[PDB]
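Q: here is the input, now give the coordinates:
(chains A and B)
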Amino acid sequence: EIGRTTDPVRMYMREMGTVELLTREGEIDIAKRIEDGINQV
DNA sequence: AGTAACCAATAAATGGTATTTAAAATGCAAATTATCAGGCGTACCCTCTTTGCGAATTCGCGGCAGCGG
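A: Residues are numbered from 1 along each chain as shown, chains lettered A, B, ... in the order given. Next comes the structure:
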């Protein structure tokens, strides 16, 4: 479908649109996993 | 109201060759103050959205393209 949109801004927004937000639970989940990795090392 | 240029003489006529004198002044490189230029950090919560709107009704020409026997 790509209409050869050479505009880099369009490519950036198209790439970033895929990943979806998640709040109040993930942040805690990922922070815990980061601290766990650091504690392991 | 007194002739000399006679021959010695006198040092003054210069402008030229230098190791000095130390005082100055003139530069020189430190110490020692001001001020400028970087780095870091900030805990309520905030989540694609802004754009260009059109190097702006050109036009004529060419040719490298996709569809098609």
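Q: near DNA strand B, which residues of chain A?
A: Chain A comes close to DNA strand B at residues A:9, A:13, A:16-17, A:21, A:23, as judged by CB under 7 Å from any atom of the strand. Yep, even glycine has a C-beta here, placed from its N, CA and C like the rest.
Q: now, of these, which are buried?
A: Judged by neighbour count, with 16 or more other CB atoms under 10 Å as the criterion, no member of the residues of chain A next to DNA strand B is buried.
Q: which one among those residues gets closest to residue A:32?
A: residue A:23 (15.6 Å; CB to CB).
Q: what about the closest one, distance to residue A:29?
A: According to CB to CB, to the nearest Å, residue A:23 stands 11 Å off from residue A:29.
Q: try residue A:19
A: Taking CB to CB, one finds residue A:19 at 15 Å from residue A:29.
Q: more neighbours: which of those two?
A: More crowded of residue A:19 and residue A:29, by other CB atoms under 10 Å: residue A:29, with 10 against 7.
Q: distance of the more buried one from DNA strand B?
A: The gap separating residue A:29 from DNA strand B is 14 Å, by CB to the nearest atom of the strand, to the nearest Å.
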